[PDB]
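Coordinates from protein.txt are shown below (compact mmCIF, C-alpha atoms and all ligand atoms).
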# COMPACT_ATOMS: atom_id res chain seq x y z
CA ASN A 1 69.76 -68.41 -13.39
CA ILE A 2 72.97 -66.97 -11.96
CA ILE A 3 75.61 -69.35 -13.31
CA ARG A 4 76.36 -69.94 -16.99
CA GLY A 5 79.61 -71.81 -17.61
CA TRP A 6 83.08 -72.88 -16.49
CA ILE A 7 86.70 -72.25 -17.49
CA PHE A 8 89.09 -75.21 -17.35
CA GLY A 9 92.69 -75.82 -18.34
CA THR A 10 96.10 -74.79 -17.06
CA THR A 11 97.81 -71.33 -16.92
CA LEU A 12 94.42 -69.76 -17.85
CA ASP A 13 96.35 -67.72 -20.43
CA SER A 14 97.43 -67.60 -24.08
CA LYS A 15 100.22 -70.15 -23.62
CA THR A 16 98.23 -73.35 -23.07
CA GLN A 17 94.91 -74.42 -24.55
CA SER A 18 91.89 -74.06 -22.26
CA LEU A 19 88.25 -75.15 -22.27
CA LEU A 20 85.09 -73.03 -22.02
CA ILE A 21 81.65 -74.56 -21.45
CA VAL A 22 79.64 -71.32 -21.34
CA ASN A 23 75.91 -72.00 -21.63
CA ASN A 24 73.31 -69.45 -22.70
CA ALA A 25 69.56 -69.11 -23.31
CA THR A 26 69.53 -71.16 -26.52
CA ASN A 27 72.52 -73.50 -26.87
CA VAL A 28 75.92 -74.39 -25.40
CA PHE A 29 79.35 -73.19 -26.50
CA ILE A 30 81.88 -75.90 -25.64
CA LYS A 31 85.20 -75.13 -27.32
CA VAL A 32 88.92 -75.69 -26.78
CA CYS A 33 91.18 -72.71 -27.39
CA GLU A 34 93.90 -70.48 -25.97
CA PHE A 35 91.83 -67.54 -24.70
CA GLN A 36 93.92 -64.75 -23.17
CA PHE A 37 92.26 -63.06 -20.22
CA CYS A 38 89.01 -61.34 -19.50
CA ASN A 39 88.57 -60.11 -15.89
CA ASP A 40 84.79 -60.05 -16.49
CA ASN B 1 148.53 -130.70 -40.82
CA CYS B 2 150.15 -129.40 -37.60
CA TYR B 3 148.96 -125.84 -36.99
CA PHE B 4 149.76 -123.24 -34.36
CA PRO B 5 146.90 -123.14 -31.81
CA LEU B 6 146.74 -119.33 -31.81
CA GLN B 7 146.70 -116.76 -34.63
CA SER B 8 147.25 -113.01 -34.80
CA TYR B 9 144.48 -110.59 -33.79
CA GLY B 10 146.11 -107.91 -35.96
CA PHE B 11 144.61 -104.43 -35.73
CA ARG B 12 144.85 -101.36 -37.97
CA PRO B 13 143.23 -97.91 -37.69
CA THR B 14 141.20 -98.50 -40.89
CA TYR B 15 138.86 -101.50 -40.57
CA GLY B 16 135.12 -102.03 -40.58
CA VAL B 17 132.97 -101.56 -37.50
CA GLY B 18 132.72 -105.33 -37.06
CA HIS B 19 136.52 -105.44 -37.33
CA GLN B 20 137.37 -102.52 -35.01
CA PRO B 21 139.47 -103.06 -31.84
CA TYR B 22 136.65 -103.27 -29.31
CA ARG B 23 137.78 -103.17 -25.68
CA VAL B 24 135.75 -105.46 -23.41
CA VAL B 25 135.82 -105.86 -19.63
CA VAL B 26 133.45 -108.17 -17.75
CA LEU B 27 132.28 -107.74 -14.17
CA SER B 28 131.22 -110.78 -12.15
CA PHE B 29 129.40 -110.85 -8.80
CA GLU B 30 128.11 -113.63 -6.52
CA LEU B 31 125.16 -111.81 -4.93
CA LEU B 32 123.22 -113.56 -2.18
CA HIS B 33 122.19 -113.00 1.45
CA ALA B 34 125.72 -112.94 2.83
CA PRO B 35 128.44 -110.62 4.25
CA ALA B 36 130.02 -108.09 1.91
CA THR B 37 133.40 -106.66 1.01
CA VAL B 38 131.93 -104.31 -1.63
CA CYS B 39 129.20 -101.79 -0.86
CA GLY B 40 127.59 -98.57 -2.04
CA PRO B 41 127.37 -94.98 -0.80
CA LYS B 42 124.89 -95.02 2.08
CA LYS B 43 125.30 -93.58 5.57
CA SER B 44 124.58 -95.69 8.65
CA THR B 45 121.92 -94.45 11.07
CA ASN B 46 121.60 -95.20 14.79
CA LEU B 47 120.06 -98.34 16.26
CA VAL B 48 116.65 -98.16 17.93
CA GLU C 1 119.09 -83.01 -10.79
CA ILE C 2 118.82 -79.62 -12.50
CA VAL C 3 120.93 -76.96 -10.76
CA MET C 4 120.07 -73.26 -10.76
CA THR C 5 122.90 -70.73 -10.99
CA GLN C 6 122.55 -66.99 -10.23
CA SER C 7 125.46 -65.09 -11.89
CA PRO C 8 125.09 -61.66 -10.09
CA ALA C 9 125.43 -63.03 -6.50
CA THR C 10 126.43 -59.53 -5.22
CA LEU C 11 124.38 -56.48 -6.36
CA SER C 12 124.80 -52.97 -4.90
CA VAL C 13 122.77 -50.20 -6.54
CA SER C 14 121.42 -46.90 -5.24
CA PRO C 15 117.64 -46.37 -5.12
CA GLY C 16 116.04 -44.94 -8.26
CA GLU C 17 117.65 -46.80 -11.16
CA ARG C 18 117.21 -50.24 -12.74
CA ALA C 19 118.59 -53.56 -11.50
CA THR C 20 119.00 -56.73 -13.58
CA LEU C 21 119.41 -60.29 -12.31
CA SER C 22 119.86 -63.64 -14.06
CA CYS C 23 119.32 -67.32 -13.24
CA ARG C 24 120.63 -70.23 -15.33
CA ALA C 25 119.37 -73.81 -15.50
CA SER C 26 121.50 -76.80 -16.48
CA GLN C 27 118.74 -78.19 -18.73
CA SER C 28 115.85 -76.68 -20.67
CA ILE C 29 113.01 -75.79 -18.30
CA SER C 30 110.83 -73.87 -20.83
CA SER C 31 109.27 -70.89 -18.98
CA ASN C 32 108.73 -72.93 -15.78
CA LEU C 33 110.47 -70.80 -13.17
CA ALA C 34 109.51 -68.50 -10.30
CA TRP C 35 111.10 -65.62 -8.40
CA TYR C 36 110.81 -65.00 -4.66
CA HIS C 37 111.56 -61.91 -2.57
CA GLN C 38 112.98 -62.33 0.93
CA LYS C 39 114.13 -59.64 3.34
CA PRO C 40 116.30 -60.78 6.28
CA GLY C 41 114.21 -62.42 9.00
CA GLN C 42 110.96 -62.73 7.02
CA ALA C 43 109.24 -65.43 4.98
CA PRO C 44 109.76 -65.31 1.19
CA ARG C 45 107.05 -63.78 -1.00
CA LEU C 46 106.01 -64.69 -4.53
CA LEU C 47 106.92 -62.12 -7.20
CA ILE C 48 106.90 -63.68 -10.69
CA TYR C 49 105.56 -67.02 -11.90
CA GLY C 50 105.81 -68.48 -15.41
CA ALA C 51 108.98 -66.36 -15.89
CA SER C 52 106.87 -63.61 -17.48
CA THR C 53 103.71 -63.21 -15.35
CA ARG C 54 103.46 -61.06 -12.23
CA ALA C 55 101.64 -62.21 -9.11
CA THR C 56 98.67 -60.52 -7.47
CA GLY C 57 99.48 -57.36 -5.56
CA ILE C 58 102.84 -56.99 -7.33
CA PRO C 59 103.64 -53.46 -8.58
CA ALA C 60 104.29 -53.12 -12.30
CA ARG C 61 107.98 -52.26 -11.78
CA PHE C 62 108.75 -55.98 -11.34
CA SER C 63 109.28 -57.81 -14.63
CA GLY C 64 111.05 -60.84 -16.04
CA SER C 65 111.99 -62.47 -19.32
CA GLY C 66 113.75 -65.48 -20.78
CA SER C 67 112.99 -69.03 -21.85
CA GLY C 68 114.82 -72.35 -21.98
CA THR C 69 117.91 -72.15 -19.75
CA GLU C 70 118.44 -68.36 -19.60
CA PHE C 71 116.20 -66.04 -17.60
CA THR C 72 116.32 -62.48 -16.27
CA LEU C 73 114.51 -60.56 -13.53
CA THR C 74 114.29 -56.79 -14.02
CA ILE C 75 113.26 -54.08 -11.55
CA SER C 76 112.81 -50.75 -13.33
CA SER C 77 112.78 -48.51 -10.23
CA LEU C 78 114.05 -49.74 -6.87
CA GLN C 79 112.29 -48.53 -3.72
CA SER C 80 113.04 -48.74 0.00
CA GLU C 81 111.48 -52.22 0.23
CA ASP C 82 113.39 -53.78 -2.69
CA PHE C 83 116.89 -54.25 -1.20
CA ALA C 84 116.69 -57.94 -0.32
CA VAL C 85 117.63 -61.44 -1.51
CA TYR C 86 115.99 -62.97 -4.60
CA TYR C 87 115.78 -66.71 -5.28
CA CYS C 88 115.05 -68.53 -8.54
CA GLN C 89 113.19 -71.85 -8.31
CA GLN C 90 112.49 -74.23 -11.18
CA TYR C 91 109.38 -76.44 -11.38
CA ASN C 92 109.57 -78.03 -14.85
CA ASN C 93 110.98 -81.33 -13.57
CA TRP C 94 108.34 -81.59 -10.79
CA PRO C 95 109.87 -84.44 -8.61
CA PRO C 96 113.41 -83.00 -7.81
CA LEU C 97 112.57 -79.37 -6.70
CA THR C 98 115.59 -77.00 -6.75
CA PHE C 99 116.43 -73.45 -5.71
CA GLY C 100 119.12 -71.01 -6.73
CA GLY C 101 121.91 -69.75 -4.53
CA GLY C 102 120.24 -66.35 -4.31
CA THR C 103 121.48 -62.76 -4.91
CA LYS C 104 121.81 -60.02 -2.23
CA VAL C 105 120.68 -56.58 -3.51
CA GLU C 106 121.93 -53.77 -1.28
CA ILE C 107 122.30 -50.00 -1.25
CA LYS C 108 125.37 -48.66 -3.05
CA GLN D 1 93.03 -63.85 6.23
CA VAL D 2 95.26 -66.90 5.80
CA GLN D 3 97.65 -67.64 8.67
CA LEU D 4 100.21 -70.45 8.91
CA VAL D 5 101.59 -70.65 12.46
CA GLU D 6 104.34 -73.11 13.35
CA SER D 7 105.25 -74.67 16.69
CA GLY D 8 107.28 -77.48 18.21
CA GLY D 9 110.85 -76.38 17.51
CA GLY D 10 113.55 -76.12 20.12
CA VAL D 11 116.81 -77.63 21.32
CA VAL D 12 117.49 -81.33 20.75
CA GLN D 13 120.41 -83.73 21.17
CA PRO D 14 121.90 -85.71 18.25
CA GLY D 15 120.18 -89.00 17.51
CA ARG D 16 116.82 -87.91 18.96
CA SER D 17 113.37 -87.14 17.54
CA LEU D 18 111.15 -84.07 17.30
CA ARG D 19 107.66 -83.28 16.00
CA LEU D 20 106.57 -80.02 14.35
CA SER D 21 103.09 -78.64 13.68
CA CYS D 22 101.73 -75.91 11.40
CA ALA D 23 98.14 -74.81 12.04
CA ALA D 24 96.24 -73.30 9.11
CA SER D 25 93.15 -71.10 8.95
CA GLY D 26 91.34 -68.64 6.72
CA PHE D 27 91.12 -70.83 3.61
CA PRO D 28 89.69 -74.20 2.50
CA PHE D 29 92.55 -76.28 3.91
CA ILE D 30 91.11 -79.64 2.82
CA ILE D 31 91.58 -79.04 -0.92
CA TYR D 32 95.20 -77.83 -0.98
CA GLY D 33 98.52 -79.57 -0.58
CA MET D 34 101.19 -78.28 1.79
CA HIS D 35 104.98 -78.44 1.81
CA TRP D 36 107.77 -78.17 4.36
CA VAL D 37 110.77 -76.03 3.37
CA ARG D 38 113.90 -75.57 5.47
CA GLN D 39 116.69 -73.00 5.23
CA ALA D 40 120.06 -73.60 6.87
CA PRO D 41 121.68 -70.41 8.23
CA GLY D 42 123.94 -69.00 5.53
CA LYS D 43 122.36 -71.26 2.89
CA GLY D 44 119.48 -71.10 0.45
CA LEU D 45 116.04 -72.66 0.59
CA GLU D 46 115.88 -76.46 0.52
CA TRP D 47 112.79 -78.52 -0.33
CA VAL D 48 111.95 -81.26 2.19
CA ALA D 49 108.56 -82.92 1.69
CA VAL D 50 105.04 -82.59 0.31
CA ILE D 51 101.64 -84.15 1.03
CA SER D 52 98.68 -84.13 -1.35
CA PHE D 53 95.17 -82.86 -0.58
CA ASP D 54 94.07 -86.16 1.01
CA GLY D 55 97.27 -87.92 2.08
CA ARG D 56 97.83 -90.92 -0.18
CA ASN D 57 100.62 -89.23 -2.17
CA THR D 58 103.73 -88.03 -0.34
CA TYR D 59 107.23 -87.20 -1.60
CA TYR D 60 110.55 -86.73 0.25
CA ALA D 61 113.93 -85.20 -0.47
CA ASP D 62 116.85 -87.59 -0.90
CA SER D 63 118.68 -86.00 2.05
CA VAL D 64 115.91 -86.84 4.55
CA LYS D 65 114.36 -89.88 2.89
CA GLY D 66 113.42 -92.54 5.43
CA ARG D 67 114.03 -90.37 8.51
CA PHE D 68 111.27 -87.77 8.00
CA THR D 69 107.52 -88.43 8.02
CA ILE D 70 104.84 -85.97 6.88
CA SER D 71 101.15 -86.20 7.77
CA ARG D 72 98.03 -84.08 8.08
CA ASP D 73 94.70 -84.06 9.93
CA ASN D 74 91.88 -82.49 7.91
CA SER D 75 89.52 -82.49 10.91
CA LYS D 76 91.86 -80.07 12.72
CA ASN D 77 93.40 -78.05 9.84
CA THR D 78 96.85 -79.06 11.10
CA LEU D 79 100.01 -80.29 9.40
CA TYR D 80 102.72 -82.37 11.08
CA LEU D 81 106.29 -83.47 10.43
CA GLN D 82 107.79 -86.32 12.46
CA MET D 83 111.59 -86.17 12.54
CA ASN D 84 113.74 -89.14 13.58
CA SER D 85 117.49 -89.76 13.88
CA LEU D 86 118.37 -86.07 13.90
CA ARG D 87 121.93 -85.34 12.76
CA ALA D 88 124.09 -82.22 12.94
CA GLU D 89 123.28 -80.86 9.48
CA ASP D 90 119.53 -80.76 10.24
CA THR D 91 119.99 -77.42 12.04
CA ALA D 92 117.88 -74.88 10.14
CA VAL D 93 114.59 -72.98 10.16
CA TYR D 94 111.61 -74.85 8.70
CA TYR D 95 108.75 -73.27 6.75
CA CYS D 96 105.26 -74.59 6.01
CA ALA D 97 103.96 -73.23 2.71
CA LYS D 98 100.61 -73.65 0.99
CA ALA D 99 100.69 -74.93 -2.58
CA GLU D 100 98.72 -73.40 -5.48
CA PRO D 101 98.08 -75.87 -8.38
CA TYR D 102 99.78 -74.61 -11.60
CA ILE D 103 100.94 -76.52 -14.76
CA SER D 104 101.68 -79.66 -12.62
CA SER D 105 99.91 -80.71 -9.35
CA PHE D 106 101.73 -78.14 -7.16
CA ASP D 107 104.72 -75.93 -8.04
CA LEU D 108 104.05 -72.49 -6.44
CA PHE D 109 104.48 -71.65 -2.73
CA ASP D 110 102.09 -68.71 -2.55
CA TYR D 111 101.70 -68.27 1.23
CA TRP D 112 104.45 -68.94 3.77
CA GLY D 113 104.47 -69.24 7.54
CA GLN D 114 106.82 -67.33 9.81
CA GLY D 115 108.95 -70.43 10.43
CA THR D 116 110.37 -72.19 13.47
CA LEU D 117 113.93 -72.93 14.56
CA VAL D 118 115.36 -76.43 14.91
CA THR D 119 118.94 -76.74 16.22
CA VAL D 120 120.84 -79.83 17.39
CA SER D 121 123.88 -79.80 19.68
CA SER D 122 125.55 -81.70 22.52
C1 LIG A 201 73.72 -68.50 -27.58
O1 LIG A 201 74.94 -68.92 -28.20
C2 LIG A 201 74.78 -69.31 -29.58
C3 LIG A 201 76.13 -69.81 -30.04
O2 LIG A 201 76.95 -68.74 -30.49
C4 LIG A 201 74.26 -68.14 -30.40
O3 LIG A 201 74.04 -68.56 -31.74
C5 LIG A 201 72.96 -67.62 -29.80
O4 LIG A 201 72.54 -66.45 -30.49
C6 LIG A 201 73.15 -67.29 -28.32
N1 LIG A 201 71.90 -66.85 -27.73
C7 LIG A 201 71.53 -65.57 -27.66
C8 LIG A 201 70.20 -65.30 -27.02
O5 LIG A 201 72.23 -64.67 -28.10
If you took the structure in this file and wrote it as structure tokens, what would it be?
Ligand SMILES: *[C@@H]1O[C@H](CO)[C@@H](O)[C@H](O)[C@H]1NC(C)=O
Amino acid sequence: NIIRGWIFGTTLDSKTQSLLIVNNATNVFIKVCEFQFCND
Amino acid sequence: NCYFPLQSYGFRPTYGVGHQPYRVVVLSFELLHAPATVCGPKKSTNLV
Amino acid sequence: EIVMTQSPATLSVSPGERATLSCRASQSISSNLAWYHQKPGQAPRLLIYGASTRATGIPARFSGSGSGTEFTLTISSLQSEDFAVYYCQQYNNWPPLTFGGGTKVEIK
Amino acid sequence: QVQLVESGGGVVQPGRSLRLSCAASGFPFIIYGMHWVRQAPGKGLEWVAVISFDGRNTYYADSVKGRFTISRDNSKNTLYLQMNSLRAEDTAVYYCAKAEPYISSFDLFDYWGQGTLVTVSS
């Protein structure tokens, strides 16, 4: 494993809703929201 | 039993919308594949 | 067609202090606008996109604000590479594509 | 590093045709759209045309609609612009700029070439 999930959407910022499909060791975490910024 | 053919179209500033002095002008064309005396803004290129 | 207008066409200011510029749009364009920096003889460079977000490699002194039809571009401290011409370009109405007249910033 | 290099400009007579090219390298050229932007001397930047990442979708400015043709060759990482019926006002410097998808399909010109000169005179 070296890849977990993806970030979709436009502006990738807290102005337009985005999508996050991060997967982990147990479940998946698909959600639609307006995440700000991470740099990590 | 002998009436005037035409009657007044009298107008006043205070009538209903259906009775307001509506101004109407009609435009008529005879479009086909033919020469023209009326055109539109469009520049003419060069012939090749 | 939506027309950009840049009120401060001429701008002379000595290095060190702050400079303020404005661009106006005929219709509401939300925050969809970008600023470009162009010295004479060179290709323009991207400075600000989204009317509030700086581009990569852009020093923090460059900033902007405004939404709708009124926008401003603010440089807190001008340096030797900042005296140039700035253009405002809208991209809300995608098909037309329009640019501002541009402002020339020069040394006082 | 990315590098957009233009060629094909020069001196032309009114009513003639010219072809410009803009070679690209240093980035995945096949997945990005490209534009052509011209700037008349003493005037601001003017949009001209745009081609999508494959070529089915193209758009033109109303001032050069019908006379200008834009195309690309993915197998060579090259971009072309075929100009026909050149008039006096088409004297300017043309720029090829990569497009970076934002909000819409393409609205930001993030990298620009040096530009080439096109002038028409008798
Ligand atoms: C994976 O994500 C789910 C959803 O939040 C969480 O409940 C779970 O604890 C996560 N797995 C681990 C190992 O933390």
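Nearest to chain C of all the residues D:1, D:39, D:116, D:104 is D:104, based on all atoms listed in the file.
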Practice task
Determine which residues of chain C sit within 12 Å of chain A, taking into account all atoms listed in the file, and present them as a PyMOL selection string.
Solution key: chain C and resi 30-32+49-50+52-53
Practice task
Would you list the residues that come within 9 Å of ligand LIG 201 (chain A)? Count all atoms listed in the file and give the answer as a ChimeraX atom specification.
Solution key: /A:22-29
Exercise for the section: Kindly provide, as a PyMOL selection string, the residues of chain C having any atom no farther than 9 Å from an atom of chain D, counting all atoms listed in the file. Expected result: chain C and resi 32+34+41-46+49+87+90-92+94-102
Practice task
Find the residues near residue C:76: any atom within 12 Å, counting all atoms listed in the file, skip ones fewer than 2 places away on the same chain, and give them as a VMD selection string.
Solution key: chain C and resid 15 to 21 59 to 64 73 to 74 78 to 79 82
Save out the residues we just selected, C-alpha atoms, as a PDB file, keeping the file's coordinate frame.
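What follows is the written file out37.pdb:
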ATOM      1  CA  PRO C  15     117.640 -46.370  -5.120  1.00  0.00           C
ATOM      2  CA  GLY C  16     116.040 -44.940  -8.260  1.00  0.00           C
ATOM      3  CA  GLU C  17     117.650 -46.800 -11.160  1.00  0.00           C
ATOM      4  CA  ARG C  18     117.210 -50.240 -12.740  1.00  0.00           C
ATOM      5  CA  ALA C  19     118.590 -53.560 -11.500  1.00  0.00           C
ATOM      6  CA  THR C  20     119.000 -56.730 -13.580  1.00  0.00           C
ATOM      7  CA  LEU C  21     119.410 -60.290 -12.310  1.00  0.00           C
ATOM      8  CA  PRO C  59     103.640 -53.460  -8.580  1.00  0.00           C
ATOM      9  CA  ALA C  60     104.290 -53.120 -12.300  1.00  0.00           C
ATOM     10  CA  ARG C  61     107.980 -52.260 -11.780  1.00  0.00           C
ATOM     11  CA  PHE C  62     108.750 -55.980 -11.340  1.00  0.00           C
ATOM     12  CA  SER C  63     109.280 -57.810 -14.630  1.00  0.00           C
ATOM     13  CA  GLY C  64     111.050 -60.840 -16.040  1.00  0.00           C
ATOM     14  CA  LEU C  73     114.510 -60.560 -13.530  1.00  0.00           C
ATOM     15  CA  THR C  74     114.290 -56.790 -14.020  1.00  0.00           C
ATOM     16  CA  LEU C  78     114.050 -49.740  -6.870  1.00  0.00           C
ATOM     17  CA  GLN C  79     112.290 -48.530  -3.720  1.00  0.00           C
ATOM     18  CA  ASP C  82     113.390 -53.780  -2.690  1.00  0.00           C
TER      19      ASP C  82
END
Exercise for the section: Record the distance separating atom CA of residue D:26 and atom CA of residue D:73, expressed in Å with one decimal. Expected result: 16.1 Å
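One finds atom CA of residue C:51 at 10.3 Å from atom CA of residue C:68.
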Exercise for the section: Quick one: everything within 12 Å of residue B:22, counting only C-alpha atoms, minus sequence neighbours fewer than 3 positions away in the same chain. Send it as number ranges by chain. Expected result: B: 9, 11, 13, 15-19, 25
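The spacing separating atom CA of residue C:5 from atom CA of residue C:40 amounts to 21.0 Å.
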Closest atom pairs, chain D residues within 12 Å of chain B, all atoms listed in the file, as CSV:
residue,atom,partner,partner_atom,distance
D:14,CA,B:46,CA,10.1
D:15,CA,B:46,CA,6.9
D:16,CA,B:46,CA,9.7
D:17,CA,B:48,CA,11.5
D:62,CA,B:42,CA,11.3
D:63,CA,B:43,CA,10.7
D:64,CA,B:43,CA,11.6
D:65,CA,B:42,CA,11.7
D:66,CA,B:45,CA,10.4
D:67,CA,B:45,CA,9.2
D:84,CA,B:46,CA,10.0
D:85,CA,B:46,CA,6.9
D:86,CA,B:45,CA,9.5
D:87,CA,B:45,CA,9.3
Handout entry: Nearby residues (all atoms listed in the file) at most 12 Å from residue A:21, same-chain spacing under 2 positions excluded, as a PyMOL selection string
Key = chain A and resi 3-9+18-19+23-24+27-33
Provide stretch 13-34 of chain B rebuilt to N, CA and C atoms, formatted as a compact mmCIF listing (two decimals), in the coordinates of the input.
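This is the output file part33.txt:
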# COMPACT_ATOMS: atom_id res chain seq x y z
N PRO B 13 144.20 -99.00 -37.90
CA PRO B 13 143.23 -97.91 -37.69
C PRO B 13 142.09 -97.89 -38.69
N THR B 14 142.21 -98.56 -39.83
CA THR B 14 141.20 -98.50 -40.89
C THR B 14 140.64 -99.90 -41.14
N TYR B 15 139.63 -100.28 -40.36
CA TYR B 15 138.86 -101.50 -40.57
C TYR B 15 137.37 -101.16 -40.58
N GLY B 16 136.55 -102.19 -40.75
CA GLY B 16 135.12 -102.03 -40.58
C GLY B 16 134.72 -102.03 -39.12
N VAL B 17 133.47 -101.64 -38.87
CA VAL B 17 132.97 -101.56 -37.50
C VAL B 17 133.02 -102.94 -36.84
N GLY B 18 132.61 -103.98 -37.58
CA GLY B 18 132.72 -105.33 -37.06
C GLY B 18 134.14 -105.81 -36.90
N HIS B 19 135.11 -105.08 -37.44
CA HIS B 19 136.52 -105.44 -37.33
C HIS B 19 137.33 -104.42 -36.54
N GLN B 20 136.67 -103.52 -35.81
CA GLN B 20 137.37 -102.52 -35.01
C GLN B 20 137.87 -103.13 -33.70
N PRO B 21 138.94 -102.56 -33.13
CA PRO B 21 139.47 -103.06 -31.84
C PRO B 21 138.60 -102.69 -30.64
N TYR B 22 137.56 -103.49 -30.43
CA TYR B 22 136.65 -103.27 -29.31
C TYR B 22 137.29 -103.72 -28.01
N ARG B 23 137.26 -102.85 -27.01
CA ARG B 23 137.78 -103.17 -25.68
C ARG B 23 136.62 -103.66 -24.82
N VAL B 24 136.80 -104.81 -24.17
CA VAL B 24 135.75 -105.46 -23.41
C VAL B 24 136.28 -105.83 -22.03
N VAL B 25 135.55 -105.43 -20.99
CA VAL B 25 135.82 -105.86 -19.63
C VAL B 25 134.53 -106.40 -19.03
N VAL B 26 134.61 -107.55 -18.37
CA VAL B 26 133.45 -108.17 -17.75
C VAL B 26 133.55 -108.01 -16.24
N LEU B 27 132.39 -107.83 -15.61
CA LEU B 27 132.28 -107.74 -14.17
C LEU B 27 131.41 -108.89 -13.68
N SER B 28 131.89 -109.60 -12.66
CA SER B 28 131.22 -110.78 -12.15
C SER B 28 130.98 -110.63 -10.65
N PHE B 29 129.75 -110.87 -10.21
CA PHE B 29 129.40 -110.85 -8.80
C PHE B 29 128.79 -112.20 -8.41
N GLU B 30 128.63 -112.39 -7.10
CA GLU B 30 128.11 -113.63 -6.52
C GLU B 30 127.05 -113.26 -5.47
N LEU B 31 126.14 -112.36 -5.86
CA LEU B 31 125.16 -111.81 -4.93
C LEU B 31 124.33 -112.90 -4.26
N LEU B 32 124.17 -112.77 -2.95
CA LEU B 32 123.22 -113.56 -2.18
C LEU B 32 123.04 -112.85 -0.84
N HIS B 33 122.33 -113.50 0.08
CA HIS B 33 122.19 -113.00 1.45
C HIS B 33 123.41 -113.45 2.24
N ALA B 34 124.43 -112.59 2.26
CA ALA B 34 125.72 -112.94 2.83
C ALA B 34 126.48 -111.68 3.25
